[PDB]
């Protein structure tokens, strides 16, 4: 179905660019389930206010049997272009990170470099605006969590460790390098992400 969702995102893209209602409706239908198992990890997601319109959106998916990645985007800053950016990320984000790891001999993710690539992708898709974005990577065996924020606020709790991040440089500008990085080793974590568009909660545990 994720494979099938990728085909509808590719085939219907032009129709979604010209129909904001349809694009927003599909974006709401593509939200993660409340709980799932990804790469031997329990993953729980919920918006902290029950709403019908997309504000802060999230996607999370496996990169291999043993690691996963996620992105979180505030679509309200760029309006329709923000919704389209979320749909574009849903189609290509995981594949872009998988390609970068395929060129890294030890599969050590460079989320800052990925954000630079996403910035270029948004330009080449003709999606101007500002896109507050948070990207994360987790490996179930190494127990390593990596977080990079570009314009979003976030709290990370691992029990022994607590971090609050508030980055003010969203994606969408020409020459910003996004190099803040939080790396944390943990077996479980709870993360809350928020911006103007809303606030969500994402938690992870071993299966």
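Positions refer to the first chain, counted from 1.
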- Query: Which has the higher mean CA temperature factor in the PDB entry, 120-128 or 101-109?
  - Reply: 101-109
- Given the B-factors recorded for C-alpha atoms, which segment has the greater mean, 195-203 or 179-187? 179-187
- Item | Per the PDB entry, maximal CA B factor within 61, 51, 43, 146 | 51
- Task: Among all modelled residues of this chain, ranked by Cα B factor, put residue 56 in the bottom, middle or top third, i.e. lowest, middle or highest.
- Result: lowest
- Compared with the other modelled residues in the chain, in which third is the CA B-factor of residue 169? highest
- Pull the Cα B-factor of residue 23 out of the PDB entry and bin it into the chain's lowest, middle or highest third. lowest
- Task: Ordered by C-alpha B-factor within the chain, which third holds residue 38? Give me lowest, middle or highest, please.
- Result: middle
- Query: Relative to the other modelled residues in the chain, which third contains the C-alpha temperature factor of residue 30: lowest, middle or highest?
  - Reply: middle
